[PDB]
Amino acid sequence: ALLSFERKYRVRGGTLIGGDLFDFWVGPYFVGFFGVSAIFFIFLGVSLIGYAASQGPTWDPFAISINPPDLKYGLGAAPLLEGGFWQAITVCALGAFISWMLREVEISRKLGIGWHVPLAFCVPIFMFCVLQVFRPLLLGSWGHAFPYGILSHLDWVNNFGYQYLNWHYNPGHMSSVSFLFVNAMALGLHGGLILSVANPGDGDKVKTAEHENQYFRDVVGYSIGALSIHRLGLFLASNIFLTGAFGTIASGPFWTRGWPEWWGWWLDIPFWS
Amino acid sequence: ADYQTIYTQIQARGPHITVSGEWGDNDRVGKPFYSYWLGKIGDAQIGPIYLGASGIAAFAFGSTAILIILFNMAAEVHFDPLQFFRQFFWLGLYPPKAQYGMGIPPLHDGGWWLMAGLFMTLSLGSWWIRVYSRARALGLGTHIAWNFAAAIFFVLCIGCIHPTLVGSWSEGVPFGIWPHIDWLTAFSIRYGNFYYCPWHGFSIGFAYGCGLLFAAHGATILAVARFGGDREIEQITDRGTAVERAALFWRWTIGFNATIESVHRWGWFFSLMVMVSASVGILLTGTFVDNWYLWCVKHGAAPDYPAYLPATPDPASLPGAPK
Amino acid sequence: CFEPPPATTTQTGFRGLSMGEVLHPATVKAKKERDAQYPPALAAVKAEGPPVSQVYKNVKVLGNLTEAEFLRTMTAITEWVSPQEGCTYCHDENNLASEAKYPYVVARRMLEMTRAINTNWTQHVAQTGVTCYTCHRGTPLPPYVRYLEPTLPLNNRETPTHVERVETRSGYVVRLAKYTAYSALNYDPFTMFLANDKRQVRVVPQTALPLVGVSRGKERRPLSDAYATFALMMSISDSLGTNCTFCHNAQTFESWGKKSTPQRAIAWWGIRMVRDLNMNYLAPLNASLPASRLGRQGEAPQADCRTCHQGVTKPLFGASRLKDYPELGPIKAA
Amino acid sequence: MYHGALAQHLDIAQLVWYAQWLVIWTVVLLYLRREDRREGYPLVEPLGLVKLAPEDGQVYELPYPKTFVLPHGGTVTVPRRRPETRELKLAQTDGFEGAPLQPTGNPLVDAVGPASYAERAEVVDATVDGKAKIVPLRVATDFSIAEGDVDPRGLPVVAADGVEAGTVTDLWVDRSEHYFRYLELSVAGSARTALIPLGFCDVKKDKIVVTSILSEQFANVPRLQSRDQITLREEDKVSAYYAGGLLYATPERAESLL
Ligand code: BCB
Ligand code: BCB
Ligand code: BCB
Ligand SMILES: C/C=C1/c2cc3[nH]c4c(c3C)C(=O)[C@H](C(=O)OC)c4c3nc(cc4[nH]c(cc(n2)[C@@H]1C)c(C(C)=O)c4C)[C@@H](C)[C@@H]3CCC(=O)OC/C=C(\C)CCC[C@H](C)CCC[C@H](C)CCCC(C)C
Ligand SMILES: C/C=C1/c2cc3[nH]c4c(c3C)C(=O)[C@H](C(=O)OC)c4c3nc(cc4[nH]c(cc(n2)[C@@H]1C)c(C(C)=O)c4C)[C@@H](C)[C@@H]3CCC(=O)OC/C=C(\C)CCC[C@H](C)CCC[C@H](C)CCCC(C)C
Ligand SMILES: CC(C)=CCC/C(C)=C/CC/C(C)=C\CC/C(C)=C/CC/C(C)=C/CC/C(C)=C/CC/C(C)=C/CC/C(C)=C/CC/C(C)=C/CC1=C(C)C(=O)c2ccccc2C1=O
Ligand code: HEC
Ligand code: HEC
Ligand SMILES: CC(C)=CCC/C(C)=C/C=C/C(C)=C/C=C/C(C)=C/C=C\C=C(C)\C=C\C=C(/C)CC/C=C(\C)CCCC(C)C
Ligand SMILES: CCCCCCCCCCCC[N+](C)(C)[O-]
Ligand SMILES: CCCCCCCCCCCC[N+](C)(C)[O-]
Ligand SMILES: CCCCCCCCCCCC[N+](C)(C)[O-]
Ligand SMILES: CCCCCCCCCCCC[N+](C)(C)[O-]
Ligand SMILES: CCCCCCCCCCCC[N+](C)(C)[O-]
Ligand SMILES: [Fe+2]
């Protein structure tokens with residue numbers, strides 16, 4: 001079934017690849033060539049995870065872990081039960097994500113809207129590539145990548161941090177965190193502001209664009225504006241990863257010591273030492 | 001491309017708007033000024049700002065906390081200005097190092113930390129009254145204040161509620177750039193690895209989720225800026241093609257969708273739940289769980305791995321081992 | 001500002017746990033070149049004639065050795081401790097039995113200490129062992145020692161800036177930080193944990209839930225203990241030129257078995273050895289040293305992990321002279 | 001004993017785990033997902049089988065209606081039944097229910113696909129004090145273009161075929177936000193004026209470039225009822241027409257890009 005306003009928008013066209021062949025919907029979902037490829041990659045990847053898990057020690061969902069190869073395999077293919085499942089699953093994951101992104105482009109084109117959403121989605125895909133592909137390529141082994149496990153991936157994050165003694169002092173991390181926090185805070189502020197205008201309470205009147213701007217101008221001395229808060233939110237969120245990626249890539253390939261010691265560039269200047 | 005979604009190509013200037021509040025119209029100060037460069041990416045107008053009693057009080061209480069912290073940091077470098085500037089990030093005002101339980105620590109071992117905390121808490125509460133009151137003055141709902149209240153409560157959990165619940169001021173967060181960071185690791189270690197605290201996981205899920213949602217929502221609105229999607233209030237009261245297309249983009253992509261009003265409820269909820277989750281986690285830590293990793297082992301969740309180098313018995317447990 | 005690639009990496013845990021060493025080839029090479037200065041073993045001598053307990057006047061430790069063997073030891077000790085100054089650093093040139101110079105009596109105690117390390121602390125030093133060189137590296141004052149307050153530079157052969165000097169109060173936070181791998185942790189782990197056996201390094205509970213009777217108010221260890229253990233761990237890491245994963249799976253720092261490496265157990269024994277060295281051999285030397293050697297509270301310089309290791313996971317990359325100088329231990333009982 | 005330990009091998013944190021999930025799912029499913037259905041619902045089914053017989057689930061998924069009290073009089077209640085009456089100049093490409101539709105005429109004029117507009121109120125959007133919000137500078141005489149920016153008046157508008165479609169005569173400003181939203185142009189060879197949203201304009205020093213439509217297509221841009229004000233529905237009609245061009249300005253644009 002369709003939303004009451006939907007039918008007029010369900011026109012042919014807007015595809016990147018394939019034309020009319022896959023230009024249709026299944027229930028609410030648009031398909032397209034990239035919907036077909038997405039489903040293929042999801043099916044293969046999830047099947048491989050199921051099979052890999054069935055060969056390990058547990059069916060507990062928190063405890064299951066599908067891991068990359070030993071460092072000694074370098075950038076070569078590993079045997080299936082020694083890291084090869086992880087390699088195949090990683091390929092499926094990137095195929096799925098990229099297909100998802102390009103499907104969003106087709107959907108955007110069909111609707112006549114900007115492609116900002118799939119462009120924004122490129123950011124987490126890029127970060128996944130930093131962690132699983134680029135950094136391991138720079139260090140010479142797939143085995144530096146993270147394992148697929150709900151809790152196990154956290155054991156990887158934990159050890160990776162402590163390999164650099166105190167990862168909190170990583171300047172790319174400091175930037176990434178600050179963006180994470182300001183973004184969460186800003187989303188709260190923006191959601192609450194819009195709801196506060198539309199829902200004044202008590203049979204009071206819905207307020208106005210002028211009231212929205214007046215509120216922040218009063219509380220902090222500045223209002224960014226209605227369009228610009230959306231540009232800002234996209235910027236703050238994206239920069240969680242666009243800045244964090246530098247901190248991740250630096251650790252190993254460009255810095256081998258603890259992170260606190262990096263700050264010696266400042267602390268150890270002769271003038272004040 | 002829609003160049004307007006990147007920057008404002010042609011800026012408008014006009015007479016400044018003032019919306020009257022129920023009270024406080026005479027406490028706005030400053031003369032607005034305009035930045036051309038800011039105007040490319042936001043509103044060009046800066047100021048005026050509202051004063052009022054609650055904001056004045058927040059600044060007085062907050063400045064007092066800040067001065068207590070700075071004066072203790074300065075004592076740490078024996079009042080040497082060049083070393084203060086050099087060493088600033090490493091400097092801090094610490095809670096008690098000795099265990100006095102809930103006893104008021106002496107000034108030289110945590111008492112100034114406690115004082116700074118009190119003045120900071122007063123500042124926060126004072127600012128909260130401003131955030132709440134200003135909404136009421138302008139005939140708006142109090143959604144922002146309730147979100148801010150959750151942030152403040154979290155800070156109270158780590159600063160003084162957890163310490164009270166386990167009965168030691170030694171557990172509070174130090175003031176200082178690096179020192180407040182160091183606390184994170186000390187706390188995680190003491191409580192058996194915060195990765196294994198489910199509420200740490202919930203708080204992260206929500207915080208990452210705010211990333212996803214603000215990227216998604218910001219991008220959605222820019223994608224429909226050609227249709228005036230940024231005029232969200234009248235899109236709520238009178239649905240336009242902007243939000244019809246936004247909803248269909250999502251419906252067609254993920255199989256379901258929000259409305260222009262309800263997406264702001266999702267974002268408010270996600271943001272609130274970062275702080276609510278974190279607070280629950282902290283309230284349970286030390287009170288009811290001592291080692292999160294072991295609590296996960298107990299409940300059957302923790303992953304286990306083969307040894308790579310030989311498994312290593314605790315030498316303290318070996319026959320004839322010294323203490 | 002940064003370290004150019006490639007990095008050398010090792011694996012120290014199950015695949016996919018990010019456990020292992022991370023090393024800069026140029027730094028490894030410089031440390032190997034420094035440690036390669038260890039003089040070679042002197043030529044073997046035939047044991048002949050009587051023990052020097054019968055030939056010389058004032059031999060108390062090395063009495064079983066023959067004359068040629070004992071003079072070989074003196075040559076080696078001179079290479080390792082006082083090569084610039086020579087035999088007369090410790091001796092009156094006109095009476096080799098005289099104890100008039102303070103280094104003679106210290107040297108005799110050091111001979112005992114070295115024999116004790118190599119005999120009684122094999123759980124740490126194995127069959128690599130130590131010689132005088134391991135710590136001294138060719139100077140009477142070993143380059144890496146600790147006082148009862150933090151000191152800079154770490155290497156005492158480097159000239160200190162005014163702010164580095166212990167008398168400059170404004171420099172204290174930096175003296176601390178450079179001992180804890182640049183952290184801001186406000187604890188000196190040498191005096192807290194290595195100078196003696198008064199404090200427990202372990203800080204993490206061994207049960208999921210808090211035990212009633214140790215978990216409220218003044219029953220509890222203050223959180224400061226956890227920051228202080230962290231400070232010690234930063235310091236040990238930097239002392240050995242390594243990171244946490246050389247010893248631990250950070251999943252659970254407190255666990256042994258599959259959660260720790262064999263190096264963690266060796267480190268445990270090292271903490272005990274260092275405390276024995278400090279309490280029973282090094283600290284009591286303040287009575288035998290001139291005031292110019294002592295710290296501001298009258299203490300003798302003492303040892304930490306860095307004293308031997310000097311930024312390497314095995315001192316001198318595992319070089320050994322144990323079979324070359326059996327007189328330095330292990331000594332057969334008794 | 002242990003703090004937190006309860007009967008039957010349970011502990012307080014373990015109970016809180018289940019409770020937190022319960023709270024999350026309750027808010028997500030019972031509250032947020034129903035807020036999400038204040039527009040577009042109930043769903044519309046092919047042919048009909050309409051109602052007749054409204055399924056229980058059609059009631060359960062909806063929240064109770066809310067009523068907004070509008071700033072300038074009247075109220076708006078959602079969800080509410082909102083018929084889409086206007087015959088659609090679309091035909092089926094295939095009989096199966098997920099098949100796309102295709103335009104039976106000129107889709108820009110017929111307002112289908114990405115040329116669709118919403119049935120917004122035929123009311124002029126208002127400022128906080130009840131003046132027309134979106135108005136040309138000839139009316140908003142207290143507004144001006146910031147120093148440093150292009151004044152587009154007099155400039156040619158150049159369409160996707162690179163042919164000049166007309167001349168810019170004014171800018172329409174949002175008096176509430178202080179933000180330009182439309183350019184107004186005189187259409188060459190037609191004897192008419194047309195608006196264009198700024199989001200479809202690439203503003204250059206010597207021309208306005210518009211890639212969304214061809215020059216000849218400016219002749220049928222939707223026309224305002226009045227010279228100096230615009231209704232919310234007219235705004236939707238005008239923006240939708242250019243967006244239609246993105247898919248329909250030439251036959252190639254609906255077809256695969258690659
Ligand atoms: C002990 C170790 C620590 C550590 C170690 C650590 C490391 C090693 C790294 C981070 C990184 C990061 N850390 Mg840090 N950290 C953080 C915060 C953060 C993040 C902001 C940042 C980026 C995360 C990332 O890469 O996600 C990645 C998320 C991705 C790739 C998501 C991909 C999504 C995908 C495209 C789509 C997936 C689809 C699903 C499969 C679909 C499922 C189907 C369903 C839903 C239908 C905070 C706030 C704290 C606090 C409060 O202390 C903290 C402490 C710590 N960190 C410790 C000190 N941290 C990273 C960073 O940037 O460092 C500079 C990083 O590398
Ligand atoms: C550099 C640091 C990283 C990091 C650090 C990190 C931390 C520290 C924590 C998480 C947590 C989480 N991480 Mg991880 N992580 C996850 C997924 C997850 C979830 C299991 C969970 C909640 C995430 C969430 O709500 O996000 C926002 C997204 C929302 C709200 C949309 C819904 C997403 C959905 C819950 C995803 C579920 C994924 C499936 C379980 C994966 C399998 C999919 C297939 C098999 C169908 C993915 C899919 C990836 C990929 C694809 O790169 C990733 C990468 C990384 N994580 C990096 C390695 N992550 C938290 C947790 O509880 O772990 C147990 C947690 O504490
Ligand atoms: C080795 C130690 C680690 C650690 C230790 C840690 C601890 C101890 C705690 C967290 C907490 C949290 N961690 Mg974790 N963490 C996080 C993420 C997060 C956050 C989502 C979450 C909540 C904190 C927050 O939002 O504070 C930012 C927001 C704040 C502080 C609110 C401020 C509001 C306030 C009103 C602002 C006031 C400003 C005023 C102007 C100030 C005035 C100044 C004065 C002087 C006048 C990630 C994503 C990772 C990754 C990727 O590894 C990570 C790893 C780690 N954490 C390690 C396991 N983490 C918290 C938690 O959830 O616990 C269950 C928590 O307490
Ligand atoms: C900086 C900006 C950010 C950002 C932004 C945006 N985010 C988007 C969009 C934008 C703009 C979208 O448009 C898109 C979407 O539609 O949204 C509803 C999307 C989405 N963000 C998802 C998850 C998500 N985002 C995260 C982070 C950020 N998002 C950051 C913060 C995080 C974490 C961990 O932080 C997570 C988990 C999905 C819900 C969805 C992709 C669905 C997918 O790709 O479908 C296609 C793939 C599948 C349905 C399954 C694939 C299964 C593979 C083959 C097998 C599993 C392999 C896997 C590697 C195993 C991991 C195990 C694990 C335990 C370690
Ligand atoms: C998940 C949800 C989250 C969330 C939510 C929310 N967070 C809010 C609100 C909501 C909803 C508000 O309504 C309120 C506000 O008003 O927003 C505009 C606010 C706040 N979040 C601040 C900072 C912060 N939030 C953080 C975290 C999260 N927040 C998490 C992530 C973090 C970190 C560490 O992550 C930091 C540093 C301040 C800017 C502000 C409090 C000012 C105060 O209590 O001051 C009290 C103290 C003083 C006034 C004197 C000292 C002056 C200081 C140095 C500077 C104060 C600046 C102030 C704006 C003055 C401007 C006027 C000036 C130009 C003349
Ligand atoms: C082995 C095996 C069986 C494998 C499985 C194979 C498989 C997947 C088969 C399926 C085949 C089917 C059914 C169909 C084929 C067609 C096809 C391509 C289907 C796709 C199926 C599929 C993979 C579905 C999964 C979809 C998915 C990734 C869902 C994730 C949802 C999540 C967790 C979202 C997180 C963000 C979030 C909290 C959103 C909630 C709030 C919403 C809805 C925001 C969106 C939104 C925003 C952001 C606005 O700004 C906005 C503004 C104005 C109006 C509306 C909106 C609006 O709706
Ligand atoms: C301090 C680091 C020493 C240096 C340098 C040298 N010697 Fe030494 N010597 C030292 C000690 C502690 C002892 C006593 C050892 C013991 O077991 O108690 C000695 C002893 C001698 C003796 C025997 C003297 C006697 O009792 O009659 C001789 C002949 C001797 N040492 C010679 C010698 C030479 C030739 C050295 C430079 C090559 C030399 N010593 C260095 C401590 C130190
Ligand atoms: C081997 C050379 C180690 C390195 C490198 C690190 N640690 Fe360690 N750790 C080591 C030992 C031998 C011990 C036990 C000492 C004892 O006397 O019992 C520890 C202990 C810890 C603890 C406490 C565990 C407990 O049971 O409570 C923690 C939290 C800890 N270590 C953390 C840690 C970190 C964060 C490190 C890198 C900065 C690190 N350790 C390094 C041995 C070794
Ligand atoms: C008995 C009971 C119930 C209560 C006792 C009294 C009481 C309420 C005590 C409360 C104590 C509290 C809440 C302590 C909280 C401590 C916390 C959360 C400290 C956290 C971090 C502090 C940091 C980073 C401070 C660094 C400070 C400086 C660099 C000095 C100047 C600081 C600034 C100018 C503000 C930071 C700027 C930021 C906006 C980017
Ligand atoms: C926030 C209240 C207003 C503050 C008043 C300060 C006046 C500064 C005037 C300088 C103008 C700077 N300018 C216009 C070039 O951007
Ligand atoms: C944490 C509370 C500290 C008390 C000091 C704050 C007092 C300000 C109250 C002003 C209230 C004025 N009002 C009602 C107009 O909002
Ligand atoms: C962020 C850490 C999350 C850890 C979650 C641990 C939850 C434990 C309680 C449920 C365990 C259920 N079980 C046995 C199926 O795993
Ligand atoms: C750990 C954070 C928990 C986040 C909860 C995520 C909520 C997204 C759920 C969407 C459910 C969709 N639907 C149609 C089934 O209701
Ligand atoms: C724990 C959060 C994960 C939630 C999983 C997201 C649900 C995927 C459903 C896609 C379509 C949903 N539905 C049934 C409304 O169409
Ligand atoms: Fe919005």
# chains A, B, ... in the order shown; residues from 1 in each chain; ligands from 1

$ residues_near_ligand --ligand "ligand 8" --cutoff "8 Å" --atoms "only C-alpha atoms and all ligand atoms" --output "PyMOL selection string"
(chain A and resi 162-163+165-166) or (chain B and resi 189-190+316) or (chain C and resi 200-206+226+229-237+240+242-248+250+253-255+263-272+313)

$ residues_near_ligand --ligand "ligand 13" --cutoff "10 Å" --atoms "only C-alpha atoms and all ligand atoms" --output "ChimeraX atom specification"
/B:198-210,251,254-258,266,269-270,273-274,277 /D:21,24-25,27-30,32-34,36

$ write_last_selection --atoms "N, CA and C atoms" --output "CSV table (one decimal), in the first residue's frame"
chain,number,residue,atom,x,y,z
B,198,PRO,N,26.9,-2.5,30.0
B,198,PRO,CA,25.8,-2.4,29.0
B,198,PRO,C,25.4,-0.9,28.7
B,199,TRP,N,25.3,-0.1,29.8
B,199,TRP,CA,24.9,1.3,29.7
B,199,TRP,C,25.9,2.2,29.0
B,200,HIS,N,27.2,1.8,29.0
B,200,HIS,CA,28.2,2.4,28.2
B,200,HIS,C,27.9,2.1,26.7
B,201,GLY,N,27.6,0.9,26.4
B,201,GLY,CA,27.1,0.5,25.1
B,201,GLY,C,25.9,1.2,24.7
B,202,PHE,N,24.9,1.3,25.5
B,202,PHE,CA,23.6,2.0,25.2
B,202,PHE,C,24.0,3.5,24.9
B,203,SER,N,24.7,4.2,25.8
B,203,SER,CA,25.1,5.6,25.6
B,203,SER,C,25.8,5.8,24.3
B,204,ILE,N,26.7,4.9,23.9
B,204,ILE,CA,27.4,4.9,22.6
B,204,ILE,C,26.5,4.7,21.5
B,205,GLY,N,25.7,3.7,21.5
B,205,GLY,CA,24.7,3.5,20.5
B,205,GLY,C,23.8,4.7,20.2
B,206,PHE,N,23.4,5.4,21.3
B,206,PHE,CA,22.7,6.7,21.1
B,206,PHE,C,23.6,7.9,20.6
B,207,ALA,N,24.8,7.9,21.0
B,207,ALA,CA,25.8,9.0,20.6
B,207,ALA,C,26.1,8.8,19.1
B,208,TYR,N,26.5,7.6,18.7
B,208,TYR,CA,26.7,7.3,17.3
B,208,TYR,C,25.5,7.5,16.5
B,209,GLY,N,24.4,7.2,17.1
B,209,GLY,CA,23.0,7.4,16.6
B,209,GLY,C,22.6,8.8,16.3
B,210,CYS,N,23.0,9.7,17.2
B,210,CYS,CA,23.0,11.1,17.0
B,210,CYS,C,23.8,11.6,15.7
B,251,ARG,N,11.3,6.1,2.9
B,251,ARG,CA,10.4,5.0,2.8
B,251,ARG,C,11.0,4.0,1.8
B,254,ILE,N,14.7,2.6,3.3
B,254,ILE,CA,14.7,1.8,4.5
B,254,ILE,C,13.4,1.1,4.8
B,255,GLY,N,12.3,1.4,4.1
B,255,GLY,CA,11.1,0.7,4.2
B,255,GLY,C,10.1,1.4,5.1
B,256,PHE,N,10.5,2.5,5.8
B,256,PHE,CA,9.6,3.2,6.7
B,256,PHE,C,10.1,4.7,6.7
B,257,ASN,N,9.4,5.5,7.4
B,257,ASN,CA,9.7,6.9,7.4
B,257,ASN,C,9.1,7.7,8.6
B,258,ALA,N,9.6,8.9,8.8
B,258,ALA,CA,9.1,9.8,9.8
B,258,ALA,C,8.2,10.9,9.2
B,266,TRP,N,12.6,12.0,17.3
B,266,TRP,CA,13.7,11.0,17.2
B,266,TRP,C,15.0,11.6,17.7
B,269,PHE,N,15.1,12.5,21.4
B,269,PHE,CA,15.1,11.2,22.2
B,269,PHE,C,16.5,10.6,22.1
B,270,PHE,N,17.1,10.6,21.0
B,270,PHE,CA,18.5,10.0,20.9
B,270,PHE,C,19.5,10.8,21.7
B,273,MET,N,18.9,10.2,25.4
B,273,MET,CA,19.3,8.8,25.8
B,273,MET,C,20.8,8.6,26.0
B,274,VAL,N,21.6,9.5,25.3
B,274,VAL,CA,23.1,9.4,25.5
B,274,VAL,C,23.3,9.6,27.1
B,277,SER,N,21.3,7.0,29.5
B,277,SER,CA,22.0,5.8,29.6
B,277,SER,C,23.3,5.9,30.4
D,21,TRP,N,15.7,-2.1,27.9
D,21,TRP,CA,15.2,-2.5,26.6
D,21,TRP,C,13.7,-2.3,26.5
D,24,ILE,N,13.1,1.4,26.0
D,24,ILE,CA,13.5,1.8,24.6
D,24,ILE,C,12.5,1.3,23.6
D,25,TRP,N,12.1,0.1,23.6
D,25,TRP,CA,11.1,-0.4,22.6
D,25,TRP,C,9.7,0.2,22.8
D,27,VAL,N,9.1,3.3,23.8
D,27,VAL,CA,9.2,4.6,23.3
D,27,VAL,C,9.3,4.6,21.8
D,28,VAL,N,10.1,3.7,21.3
D,28,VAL,CA,10.3,3.6,19.8
D,28,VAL,C,9.0,3.2,19.1
D,29,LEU,N,8.5,2.1,19.5
D,29,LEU,CA,7.3,1.5,18.8
D,29,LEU,C,6.0,2.2,19.1
D,30,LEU,N,5.7,2.4,20.4
D,30,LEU,CA,4.4,2.8,20.8
D,30,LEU,C,4.3,4.3,20.7
D,32,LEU,N,7.2,6.9,19.2
D,32,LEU,CA,7.8,7.5,18.0
D,32,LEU,C,7.2,7.0,16.7
D,33,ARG,N,7.1,5.7,16.5
D,33,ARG,CA,6.6,5.1,15.3
D,33,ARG,C,5.2,5.5,15.0
D,34,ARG,N,4.4,5.9,16.0
D,34,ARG,CA,3.0,6.4,15.8
D,34,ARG,C,3.0,7.9,15.5
D,36,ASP,N,5.3,9.1,13.7
D,36,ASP,CA,5.7,9.0,12.3
D,36,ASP,C,4.5,8.9,11.4

$ closest_residue --among "A:253, A:225, A:74, A:244" --to "ligand 4" --atoms "only C-alpha atoms and all ligand atoms"
A:244

$ interface_residues --of "chain B" --to "chain C" --cutoff "7 Å" --atoms "only C-alpha atoms" --output "count of residues only"
44

$ closest_atom_pairs --of "chain D" --to "chain B" --cutoff "7 Å" --atoms "only C-alpha atoms" --output "JSON lines"
{"residue": "D:3", "atom": "CA", "partner": "B:288", "partner_atom": "CA", "distance": 5.4}
{"residue": "D:4", "atom": "CA", "partner": "B:288", "partner_atom": "CA", "distance": 4.5}
{"residue": "D:12", "atom": "CA", "partner": "B:288", "partner_atom": "CA", "distance": 6.7}
{"residue": "D:13", "atom": "CA", "partner": "B:284", "partner_atom": "CA", "distance": 6.6}
{"residue": "D:32", "atom": "CA", "partner": "B:266", "partner_atom": "CA", "distance": 6.9}
{"residue": "D:35", "atom": "CA", "partner": "B:262", "partner_atom": "CA", "distance": 5.7}
{"residue": "D:36", "atom": "CA", "partner": "B:258", "partner_atom": "CA", "distance": 4.3}
{"residue": "D:39", "atom": "CA", "partner": "B:259", "partner_atom": "CA", "distance": 6.6}
{"residue": "D:76", "atom": "CA", "partner": "B:237", "partner_atom": "CA", "distance": 6.5}
{"residue": "D:117", "atom": "CA", "partner": "B:241", "partner_atom": "CA", "distance": 5.3}
{"residue": "D:118", "atom": "CA", "partner": "B:241", "partner_atom": "CA", "distance": 4.9}
{"residue": "D:120", "atom": "CA", "partner": "B:240", "partner_atom": "CA", "distance": 6.1}
{"residue": "D:142", "atom": "CA", "partner": "B:14", "partner_atom": "CA", "distance": 6.0}
{"residue": "D:143", "atom": "CA", "partner": "B:14", "partner_atom": "CA", "distance": 4.4}
{"residue": "D:144", "atom": "CA", "partner": "B:13", "partner_atom": "CA", "distance": 5.3}
{"residue": "D:145", "atom": "CA", "partner": "B:12", "partner_atom": "CA", "distance": 4.8}
{"residue": "D:146", "atom": "CA", "partner": "B:11", "partner_atom": "CA", "distance": 5.2}
{"residue": "D:149", "atom": "CA", "partner": "B:10", "partner_atom": "CA", "distance": 5.5}
{"residue": "D:150", "atom": "CA", "partner": "B:10", "partner_atom": "CA", "distance": 6.5}
{"residue": "D:178", "atom": "CA", "partner": "B:12", "partner_atom": "CA", "distance": 5.7}
{"residue": "D:179", "atom": "CA", "partner": "B:12", "partner_atom": "CA", "distance": 5.4}
{"residue": "D:180", "atom": "CA", "partner": "B:12", "partner_atom": "CA", "distance": 6.3}
{"residue": "D:197", "atom": "CA", "partner": "B:226", "partner_atom": "CA", "distance": 6.7}
{"residue": "D:199", "atom": "CA", "partner": "B:2", "partner_atom": "CA", "distance": 4.9}
{"residue": "D:200", "atom": "CA", "partner": "B:2", "partner_atom": "CA", "distance": 6.2}
{"residue": "D:202", "atom": "CA", "partner": "B:3", "partner_atom": "CA", "distance": 6.8}
{"residue": "D:203", "atom": "CA", "partner": "B:9", "partner_atom": "CA", "distance": 6.8}
{"residue": "D:236", "atom": "CA", "partner": "B:241", "partner_atom": "CA", "distance": 6.5}
{"residue": "D:239", "atom": "CA", "partner": "B:227", "partner_atom": "CA", "distance": 5.6}

$ residues_near_ligand --ligand "ligand 5" --cutoff "6 Å" --atoms "only C-alpha atoms and all ligand atoms" --output "list in words"
residues 181, 182, 184, 185, 188, 189, 220 and 221 of chain A; 58, 59, 62, 63, 123, 124, 127, 131, 144, 145, 147, 148, 151, 271, 272, 274 and 275 of chain B

$ residues_near_ligand --ligand "ligand 11" --cutoff "6 Å" --atoms "only C-alpha atoms and all ligand atoms" --output "ChimeraX atom specification"
/B:53-54,57,122,125-126,133

$ residues_near_ligand --ligand "ligand 9" --cutoff "9 Å" --atoms "only C-alpha atoms and all ligand atoms" --output "number ranges by chain"
A: 178; B: 62-63, 65-70, 73, 88-89, 91-93, 102, 113-122, 152, 154-161, 163-164, 172-181

$ interface_residues --of "chain A" --to "chain C" --cutoff "8 Å" --atoms "only C-alpha atoms" --output "number ranges by chain"
A: 67-71, 138-139, 143-147, 152, 155-160, 162-165, 252-258, 260-265, 273

$ atom_distance --atom1 "atom CA of residue 94 of chain B" --atom2 "atom CA of residue 196 of chain C"
26.2 Å

$ residues_near_ligand --ligand "ligand 4" --cutoff "8 Å" --atoms "only C-alpha atoms and all ligand atoms" --output "NGL selection string"
(:A and (38 or 41-46 or 49 or 89-90 or 92-101 or 104 or 117-124 or 146-153 or 237-242)) or (:B and (205 or 208-217 or 219 or 250 or 253-254))
